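Protein chains in written order, with the authors' numbering: chain BP, 4 to 199; chain BN, 9 to 128; chain BI, 1 to 191; chain BC, 50 to 97. Don't be surprised by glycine CBs; every beta carbon is placed ideally from N, CA and C. Okay, structure first, notes after.
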Amino acid sequence: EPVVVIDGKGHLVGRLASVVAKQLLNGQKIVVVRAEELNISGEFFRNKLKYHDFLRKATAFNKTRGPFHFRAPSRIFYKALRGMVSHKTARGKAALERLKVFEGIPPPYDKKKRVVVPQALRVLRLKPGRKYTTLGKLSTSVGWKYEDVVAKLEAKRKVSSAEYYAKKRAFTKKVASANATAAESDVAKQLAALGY
Amino acid sequence: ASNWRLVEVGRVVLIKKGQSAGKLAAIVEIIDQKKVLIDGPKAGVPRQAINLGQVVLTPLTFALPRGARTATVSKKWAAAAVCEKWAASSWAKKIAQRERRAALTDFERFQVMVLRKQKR
Amino acid sequence: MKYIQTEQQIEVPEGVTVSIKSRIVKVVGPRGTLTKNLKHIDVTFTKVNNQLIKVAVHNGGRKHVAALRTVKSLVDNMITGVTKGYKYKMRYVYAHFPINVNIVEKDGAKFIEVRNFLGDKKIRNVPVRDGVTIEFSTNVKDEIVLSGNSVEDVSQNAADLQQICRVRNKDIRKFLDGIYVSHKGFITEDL
Amino acid sequence: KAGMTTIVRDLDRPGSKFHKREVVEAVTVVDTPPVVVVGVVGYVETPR
RNA sequence: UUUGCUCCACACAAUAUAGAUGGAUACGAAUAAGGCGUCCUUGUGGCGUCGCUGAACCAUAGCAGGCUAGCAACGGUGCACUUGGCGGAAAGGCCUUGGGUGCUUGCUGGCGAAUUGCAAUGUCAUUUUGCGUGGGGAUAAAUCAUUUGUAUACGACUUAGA
RNA sequence: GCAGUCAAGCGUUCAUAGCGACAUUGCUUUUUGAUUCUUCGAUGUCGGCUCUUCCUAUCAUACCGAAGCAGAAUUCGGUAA
RNA sequence: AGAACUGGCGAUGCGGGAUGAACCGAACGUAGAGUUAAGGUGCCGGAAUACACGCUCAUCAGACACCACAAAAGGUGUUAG
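What follows is the structure, encoded as structure tokens:
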């Protein structure tokens, strides 16, 4: 495409992280929101015991400027990418000023949506057993909130209903109208060529 | 292709069981030796060069084989893929002064059906 | 050391029906219908064979097999949850003060509420197994026999009480009471 | 920020100490002028 | 500023800039599972259906139906402007109608040159700084410096007596 | 200074409830001792007073586990700063 | 703290080791092109999210030379013998 919408969907943090700031630092302006559920590797207690550090690990402590310890689910993928590209190498500063990981699930976008293959899994990548999270539930636990989002996506999904129904139809009809032309002299030609 | 270490292009791959859809299956196309399509039908079955992880080529080898992998299959090996592949090949076409053929070709089928999607 | 074939046999009885598909699996029959969301990511329960329903965990080891059985069982005691009978029976040993094994309660019935353990005060009151009919007494002794169809649920109520009944400074043993548990308890049927 | 002046009521605490006895606590009372929904309307809806 | 004036629709000159100069093309969920179709009461059944965006449409020989034109045949296509309706946590989205622009076909005619029509090659969009013909408010407002203290080191803060 | 292994011993009956000789593995850097790297071609001592802030090898408080735990009263231990 | 060969740092840049006299590679006139040392190739960041057979699942790890740390003891965790 020319402005890429990666549905957090699955895809394990750090990976869909790399993929991003690569495609980003080489400047293909992605917009990857859906972040709600962006599974990290490892049981809650662990990844959780971690984040319970992490900023919280934070400090500075002359007087809390330093290690600004952030929460989201979204600005987690940032904490990621935001490390994985040069965060003050003005180039970056720009290249970053071009990522868009928004906290579930749609909005102004709401149309497009592209899965990032093998930064996927718990599906493709990871075995096959044992240990995700839910990019935001680690946050639910470090304290969002909240499910206002997952409920407002209750809606989103409500709507998507309509469309997907129609398109099952418009299509149904379509091919259930061009399967006449299929088998039509002036077509077994667009066969031989498009298919010997 | 027997399994995985075998032979030719019209001969030499057995197989089967384990995972979720198997049975003594043989060698199809290749990438020389860089991505075969290792199927017995089987009586109905995929393939690939996953693969080599334990078993291998059921009963015999060569001949016996050559005396079968088309003494039934091949012929049969013509479902989709089979057909839905060959396509992806004449993808590499005269597409140049064969485009316009393609184009003007399709551009006609447009109104043909686009019309019907309506008068109905 | 990573067997490729391991499989076990879950043996539906006449009047059951397993609805095991999707991920999940529900069994109807006799007493009724329970469902469990088995994602011990492996098994591929299957199949037909009439009787029958076989389990299995192709090419793996460790848990994978371990789980295999943990599954058979799990959905097996399931298949009995409607087949036969729940069906457990707590038993309740008194001290030199006595207990109070009554069934209240509020917006929906909490209870059992027991009062005065080892001569206690305080309103001991502990949610009742939403799936288990919790019948106190009989003929008789002091035993709140309360059983249902969720062998799981049956248990952890039974127990939930017999923990709601405490004992916190008498290194047990002597001052040593508490509403303990008895038979277990496929009831009723036998013969 | 109206004013502070003292009450004196009977401490029907009837739990102990000085049940149904004098007790002379102090009040601070504010001017309450039954205020009238000038404009009105409202607000709401949220991912905040 | 003497209301000098500022905010909408066709122009006119300077600006600059994260780097289109064929399309950003929407189901949800599983993955030890799915997707379509399909005849059913439902999580069913039953063929069928498919491993690969090397897609799909949509193309202007990257100015074909590219400029100027002429038809038969299609009522389909799509462009711009308008109204009847409808749906959007705003924007955008779907629709109804007529007017109007271009097209599927051997259709037919004429156009393309100089070495500045395989390089520059249309063009990019959006910045408001101002300079132009119709359209709307209306002069709104904030300061400055004079009052107990709810406020104050200075700032800052809180407000009236006609 | 602080934990730890082996178990001969105490613990009247019993090695480990509670402790453990001998022998052996270690952690600790508020002792002390070595060492001389940094600072005499600027570093001012001890103690208090004040005032935050961190550690846990927890004295008290929270919940629990063992006891040679009947109650109480103690001891040992875990989560815990 | 002290000896003994051989290199070395002091007299030295250059590429590796993030970081740094003595580590590794590698010795400097000024330039173009080509291969490489040591080191590295998810991403910062040039280089494969290469290709193989296994092992490991609450802090399991990812340290050629270094304040760079970690023993004795023990596990029905799992792996082969």
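Strand pairing of residue i, partner residues [DSSP]
{"i": "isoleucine 123(BI)", "result": "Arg115(BI)"}
{"i": "residue 192(BI)", "result": "Any property of residue 192(BI) remains undetermined from this structure, which presents chain BI solely from 1 to 191."}
{"i": "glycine 178(BI)", "result": "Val93(BI)"}
{"i": "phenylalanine 186(BI)", "result": "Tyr86(BI)"}
{"i": "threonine 133(BI)", "result": "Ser147(BI)"}
{"i": "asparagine 42(BP)", "result": "Beta-bridge pairing links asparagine 42(BP) to no other residue."}
{"i": "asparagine 102(BI)", "result": "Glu113(BI)"}
{"i": "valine 18(BI)", "result": "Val27(BI)"}
{"i": "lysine 54(BI)", "result": "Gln9(BI)"}
Residue i at chain BI interface by Cβ criterion, 7 Å
{"i": "residue 3(BN)", "result": "Residue 3(BN) is absent from the model: chain BN starts at 9 and stops at 128."}
Extent of the continuous alpha helix (DSSP H) to which residue i belongs
{"i": "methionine 53(BC)", "result": "Not the alpha helix (DSSP H): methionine 53(BC) falls in the beta strand (DSSP E), residues 52 to 55."}
{"i": "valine 122(BN)", "result": "107 to 124"}
{"i": "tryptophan 94(BN)", "result": "90 to 98"}
{"i": "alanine 173(BP)", "result": "150 to 181"}
{"i": "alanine 83(BP)", "result": "77 to 87"}
{"i": "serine 142(BP)", "result": "140 to 145"}
{"i": "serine 10(BN)", "result": "Per DSSP, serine 10(BN) belongs to no alpha helix (DSSP H) and is neither H nor E."}
{"i": "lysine 192(BP)", "result": "192 to 195"}
{"i": "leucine 27(BP)", "result": "16 to 28"}
{"i": "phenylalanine 48(BP)", "result": "47 to 54"}
{"i": "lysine 12(BP)", "result": "Unbroken run through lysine 12(BP): none, as it is neither H nor E."}
{"i": "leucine 99(BP)", "result": "94 to 99"}
Burial state of residue i, where buried means 16 or more other Cβ atoms lie within 10 Å
{"i": "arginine 58(BC)", "result": "exposed"}
{"i": "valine 86(BC)", "result": "exposed"}
{"i": "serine 28(BN)", "result": "exposed"}
{"i": "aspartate 10(BP)", "result": "buried"}
{"i": "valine 104(BI)", "result": "exposed"}
{"i": "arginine 168(BI)", "result": "exposed"}
{"i": "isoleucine 39(BN)", "result": "exposed"}
{"i": "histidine 68(BC)", "result": "exposed"}
{"i": "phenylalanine 117(BI)", "result": "buried"}
{"i": "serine 10(BN)", "result": "buried"}
{"i": "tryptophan 12(BN)", "result": "buried"}
{"i": "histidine 55(BP)", "result": "exposed"}
{"i": "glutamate 40(BP)", "result": "buried"}
{"i": "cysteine 165(BI)", "result": "buried"}
{"i": "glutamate 143(BI)", "result": "buried"}
Minimum Cβ-Cβ distance from residue i to chain BN less than 7 Å
{"i": "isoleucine 4(BI)", "result": "yes"}
{"i": "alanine 181(BP)", "result": "yes"}
{"i": "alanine 61(BP)", "result": "no"}
{"i": "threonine 184(BP)", "result": "yes"}
{"i": "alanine 20(BP)", "result": "no"}
{"i": "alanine 196(BP)", "result": "yes"}
{"i": "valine 190(BP)", "result": "yes"}
{"i": "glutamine 193(BP)", "result": "yes"}
{"i": "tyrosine 199(BP)", "result": "yes"}
Terminal residues of the beta strand (DSSP E) in which residue i lies
{"i": "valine 76(BC)", "result": "75 to 78"}
Chain BP contact for residue i (CB, 7 Å cutoff)
{"i": "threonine 66(BN)", "result": "no"}
Check: residue i C-beta below 6 Å from any heavy atom of the ligand SAM
{"i": "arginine 13(BN)", "result": "Ligands in the displayed structure: none, and consequently the ligand SAM is not present."}
Taking Cβ-Cβ distances below 8 Å as the criterion, which residues of the stretch 94 to 126 of chain BN are in contact with chain BP? Those would be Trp94, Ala95, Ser98, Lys101, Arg106, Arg109, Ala110, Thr113, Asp114, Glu116, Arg117, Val120, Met121, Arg124, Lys125, in chain order.
For the stretch 31 to 64 of chain BI, list every residue whose C-beta sits within 7 Å of some C-beta in chain BN, in sequence order. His58, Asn59
Pull out every residue of the stretch 162 to 178 of chain BP whose Cβ sits closer than 8 Å to any Cβ of chain BN, in chain order. Result list: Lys176, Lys177.
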